[PDB]
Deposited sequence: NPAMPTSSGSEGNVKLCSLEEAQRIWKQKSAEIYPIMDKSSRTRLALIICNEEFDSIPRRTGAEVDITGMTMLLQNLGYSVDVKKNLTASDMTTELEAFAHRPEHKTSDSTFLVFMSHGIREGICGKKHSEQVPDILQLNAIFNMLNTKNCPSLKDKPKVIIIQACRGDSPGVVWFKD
């Protein structure tokens, strides 16, 4: 049934759980405080409006909640604001009593990285993937040491169609 907390996520039965040394440990459901962050840029100063972004926010938010995460949603941020939000996320006390995290970034993007709300060709406003990793590593986020950190990025990485032709 989809009426439960896991919604439309298919359940792992107890028989399947015992069937599955090389697995990340899961914290007790009763006491764990899983955290997730979604940053989505829909409204921009110079680049077109990302119509349909609300559908992505809804889907990802509900999915991560279904998987047991408390989801923070931040919208329409500059690269600098994204950095500030990431640093704040990395400092959250809940990570200490968490076993993992998800980070979701959804925006316009170029080869270099993810576009902030104020991005243009003259004045670039870019957040690099390298910066995301650095802010979440053991040095800057010790609370997530040994814990899975899943980073999801919806964005272009350039202008190319990503295809080549071939004849059969």
query	finding
Segments lacking C-alpha coordinates (deposited sequence numbering, starting at 1)	1-5, 26-30
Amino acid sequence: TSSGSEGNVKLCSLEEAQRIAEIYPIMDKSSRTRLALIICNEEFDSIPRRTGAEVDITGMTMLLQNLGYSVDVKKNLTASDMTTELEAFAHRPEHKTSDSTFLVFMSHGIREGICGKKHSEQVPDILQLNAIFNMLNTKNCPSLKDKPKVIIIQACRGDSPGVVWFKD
From here on, numbers count along this sequence of modelled residues.
query: Stretch exceeding the other in mean C-alpha B-factor - 40-48, 26-34; finding: 40-48
query: Stretch exceeding the other in mean C-alpha B-factor - 58-66, 114-122; finding: 114-122
query: Residue of maximum C-alpha B factor among 153, 21, 156, 150, per deposited coordinates; finding: 21
query: Ranked against its chain, the third holding the CA B-factor of residue 144; finding: lowest
